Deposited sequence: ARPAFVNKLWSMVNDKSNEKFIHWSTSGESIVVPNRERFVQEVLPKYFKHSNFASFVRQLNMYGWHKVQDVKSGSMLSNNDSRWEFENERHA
């Protein structure tokens, strides 16, 4: 499995990252309460020289898309995948 798939899997499951990135109670989406915190505290642990933009691009390559359910907190990010039951 691709390094990115491995990394995302480990990052969202690893208990030490729970306040920055974790599964929704249904497992349907990955929740990132605060992008800045996530970028500062988790990304550097899995990637060498990367940013949220690069992260989001990689996520797309694997079918993950940003959920747009806000009716006009830009800090909160949530991703769901194109493929589901």
For this session: In sequence order, name the stretches of the deposited sequence that have no C-alpha in these coordinates.
Result: 1, 74-79
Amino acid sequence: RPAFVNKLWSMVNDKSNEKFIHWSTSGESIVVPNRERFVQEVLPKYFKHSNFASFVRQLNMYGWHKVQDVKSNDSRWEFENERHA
From here on, numbers count along this sequence of modelled residues.
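Basically, rigid core = biggest C-alpha set you can superpose within 1.5 Å across the two forms.
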For this session: Kindly name the stretch, out of 22-30 and 39-47, whose CA atoms are displaced more from this form in 5 other deposited structures of this protein after the core superposition?
Result: 22-30
For this session: Would you mind working out which of 13-21 and 73-81 sits farther from this form in 5 other deposited structures of this protein by RMS C-alpha distance, with the rigid core as the fit?
Result: 73-81
Seminar exercise, completed: The stretch whose C-alpha atoms carry the larger average B-factor in the entry, 62-70 or 13-21, is 13-21
For this session: Check the entry's C-alpha temperature factors for 40-48 and 23-31, then say which stretch has the higher mean.
Result: 40-48
For this session: Sorting the chain's modelled residues by C-alpha B-factor, tell me whether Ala85 ends up in the lowest, middle or highest third.
Result: highest
